[PDB]
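# Results of the structural survey
In case you want the letters, here they are:
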Amino acid sequence: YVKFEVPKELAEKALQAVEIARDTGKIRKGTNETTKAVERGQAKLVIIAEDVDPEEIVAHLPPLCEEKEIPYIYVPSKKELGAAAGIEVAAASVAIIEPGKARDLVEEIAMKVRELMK
C-alpha cells in the first residue's frame, strides 16, 4: 500500500508534526478515527506507517485520501508513529485535525508530498 518513496528527512518531519499537533492541537489515533476524519474532510494530514500487518488494516487509506484529496504521507515505523502520537505502543495511522503550532510544518509536508506524487 506504499505508493511513493518518502525521504527519511520528510518522514522525520511528519513525526515532528504529529508530536507538535499532539501537544498543541488535535490528532486522531488509530485507523477508525483516521478514516472517519478523512471521509469528513477534517484531516489536514494523514500519517500512515509502512509496516502494518495485516496490510488490509490501512490499505484503504491511500486511495481514500486521494479520493478525498487529503494530504497523506508514510513513516517507516508504526512503533515510532505511536510514540509521536503519545502512546507507548504502535499506531497504524494518525490524522492531524488541528496542526496547532505545526501549521506551517504540515503545509511544507503537504507541499513536498504533492511533488512526490508528481
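What you see is numbering from 1 along each chain in written sequence order, possibly unlike the entry, with residues lacking coordinates removed. Where side-chain values are given, they derive from all heavy atoms of the structure, hydrogens and water being excluded.

Going by the header, the method for this PDB entry is X-ray crystallography, and the resolution given is 1.9 Å.

## Notes on the environment of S77
Within the secondary structure, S77 is located in the loop between strand 3 (72-75) and helix 4 (78-85). Separated by 23 residues in the primary sequence, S77 and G100 have C-alpha atoms spaced 23 Å apart. It only takes one pair of heavy atoms within 4.5 Å for two residues to be counted as in contact. Residues in contact with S77, not counting those within four places in the same chain, are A49 and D51. At 3.0 Å, the side chain of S77 forms a polar contact with the backbone nitrogen of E80. What counts as a helix is a DSSP run of H or I of at least four residues, what counts as a strand is a run of E of at least two, and both are numbered from the N terminus. Contacts described as polar in this section are N or O atom pairs within 3.5 Å, which, within protein, must combine one atom able to donate a hydrogen with one able to accept it, while residues neighboring in sequence count only if both atoms come from side chains.

## Structural notes on the nonpolar core
Residues grouped as a nonpolar core are buried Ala, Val, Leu, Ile, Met, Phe, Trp, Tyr and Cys residues, joined through side-chain atoms within 4.5 Å. In this scheme, a residue with accessible area under 20% of its type's maximum is buried, one over 50% is exposed, and one in between is partly exposed, where area comes from a 1.4 Å probe on protein chains only. Core analysis: the biggest nonpolar cluster contains 42 residues, and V18, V46, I47, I73, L81, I96 and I109 have the highest contact counts within it. Looking at this core, the elements with two or more residues in it are helix 1 (8-24), helix 2 (31-39), strand 2 (45-49), helix 3 (61-68), strand 3, helix 4, strand 4 (93-98) and helix 5 (103-116). By residue number, the principal contributor to this core is helix 1, which donates seven residues. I109 has contacts with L10, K13, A14, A17, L45 and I73, leaving out every residue within four places of it along the chain.

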